[PDB]
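One chain follows as structure tokens, the form deposited in one PDB entry.
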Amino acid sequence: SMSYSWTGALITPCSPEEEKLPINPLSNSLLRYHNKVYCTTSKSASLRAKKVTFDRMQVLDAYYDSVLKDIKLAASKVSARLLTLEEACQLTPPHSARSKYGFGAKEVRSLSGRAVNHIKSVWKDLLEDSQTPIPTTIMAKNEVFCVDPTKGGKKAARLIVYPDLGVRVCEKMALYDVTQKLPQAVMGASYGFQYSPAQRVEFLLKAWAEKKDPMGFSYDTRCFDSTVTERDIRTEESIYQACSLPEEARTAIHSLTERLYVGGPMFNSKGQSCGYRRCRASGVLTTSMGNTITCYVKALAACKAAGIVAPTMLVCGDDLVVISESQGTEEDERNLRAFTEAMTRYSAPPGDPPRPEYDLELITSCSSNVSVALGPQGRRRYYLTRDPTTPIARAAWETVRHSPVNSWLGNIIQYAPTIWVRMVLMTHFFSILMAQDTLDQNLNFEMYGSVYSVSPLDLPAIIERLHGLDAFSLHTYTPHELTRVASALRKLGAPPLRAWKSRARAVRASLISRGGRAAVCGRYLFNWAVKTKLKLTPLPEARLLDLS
């Protein structure tokens, strides 16, 4: 019942890794300069391994049995199809890790003979063999964060476990359609990845308002992936099998479950046997759907066992938020402890113990929270925000190491109406773009399930369509939000908001001097930086539509 077994071999890197950066341009200020940012590397891999390696004690009950029955009934309402080899190859991202069999993403997408023939043999093998464990590679993820003294030492690198490219294409042929339909079918509104920022805000406000006396809480499972058992994974397969699927897919799904999802041998970058996994692999197609559904099942059963009154849940993988009817502060705490005890028995122990919350602004769901500000007519306007420490630390890093994929562009788009995106990120990046003279150059940013490409000059139209014109007129932010943003800049050692405000005026003027689309960006995105506001009318943005 151990999540992992290790041989002793180390988790090794592929290319040299840099954890501490040279110079920082964001936390830049004539007499004030700092660099309190870092990147996780292979060096902390052993520490992470220790943390995620433990025995899982799982014991189910009637509450769990009941919920699982309901979910399988809901799943039987779903029909899914196999993807063709061509479709599977086309869904393969352009730079996904190459195969050890002489081909890479490029060849998969161009349907080269070598790649196609290999994938076909892998598929045939899945239909013929439902037992032989499929090997996986384990690597330490390189992610950037800001040092946070008060909250303890630096984070250890997360561990990524994934199978060969050939197997990944096959997972899509067999389960991609299911991943796109199943979660919403069994969870409905509770499925978190179906909402745009404005939609998520609407869901939370509605949920909170429908309670006579609301009480909410976020549950943080300690290393969720490591807590899911072989039995949990086989149960996920039974849920998949409850759907209406072609026999060929059923065969492939069973094989993938027994040979890959339920666990298997892991090798490091050097090819050395590193260990055996008996929990969720982070790099397989079903990770998101599996975590989401399994978290939901355990959480719903735990709500019933704990006596949670009228729970409204929002699930994003291992991220869970429960809003219900308060039974009084003392009883709420008692019910939460009961919920936690139930979750623990289901093998979903808490990292940070949950606590009842009676202020919606303080409830974090899917890494975000709802806040409020005033619109142009003075009425309350709700929007989605989040602690800006990590996104700014990564924006500051991606400025000295402008990687192929940006995270700042994504944050600017998803959190466009926030004060930290408007005062800090937009000011900074439009300044960098003009300095580099690459304003019209298209860039690749990362939304969660799909990498996209966009031109910075298209931001105002994109933002209007995504958040409405209010995104350019929001004012009178809450003191909690102002305080949190100021704390982030302090932790990053970057100039404070009052200084960014001075800078935004200069950036705005520069954009307007360039005329054209750049001028539109200046007038719309920085109308907040001048006392005499501009009218700002609807833009021809009613010519776009996004997926994520």
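Definition used throughout: the rigid core is the maximal C-alpha set that superposes within 1.5 Å between two forms. The first residue of the shown sequence is 1; numbering continues from there.
Gaps at residue 227 occur in none of the other compared entries of the protein that contain both adjacent residues, all of which model it rather than a third dropping it. Per the compared records, residue 150 is unresolved in at least a third of the other entries whose models span it.
497-505 and 22-30 differ in mean CA B-factor, and the higher of the two is recorded for 22-30. The stretch with the higher mean CA B factor, choosing between 158-166 and 193-201, is 193-201. Take 37, 47, 482, 511 and read off each C-alpha B-factor from the entry; 37 has the highest. Comparing C-alpha B-factors across 238, 150, 244, 132 in the deposited entry, the largest value falls on 150. In the PDB entry, a CA B factor belonging to the lowest third of its chain's modelled residues is recorded for residue 486. When the CA B factors of the chain's modelled residues are split into thirds, the value for residue 123 lands in the lowest one. Placement of the Cα temperature factor of residue 333 within the chain: middle third of the modelled residues, per the deposited record.
When the CA B factors of the chain's modelled residues are split into thirds, the value for residue 268 lands in the lowest one. For residue 286, the recorded CA B-factor ranks within the lowest third of the chain. Only modelled residues enter the ranking.
In what follows, reference is made to the form deposited in another entry, a form of this protein that is not presented.
Lining up the core between the shown form and the other one shows that one residue from 480, 34, 43, 50 moves its Cα 2 Å or more, and that residue is 34.
A displacement of less than 2 angstroms separates the C-alpha positions of residue 363 between the shown form and the other one, with the rigid core held in common.
Once both forms are fitted on their core, a CA shift of 2 Å or more is seen for residue 520 between the shown form and the other one.
A movement of the C-alpha atom of residue 434 reaching 2 angstroms or beyond is seen between the shown form and the other one when the two forms are aligned on their rigid core.
Three angstroms is the minimum change: in that other deposited form, the CA atoms of residue 30 and residue 418 sit closer than in this structure, by 3 Å or more.
Three angstroms is the minimum change: in that other deposited form, the CA atoms of residue 25 and residue 418 sit farther apart than in this structure, by 3 Å or more.
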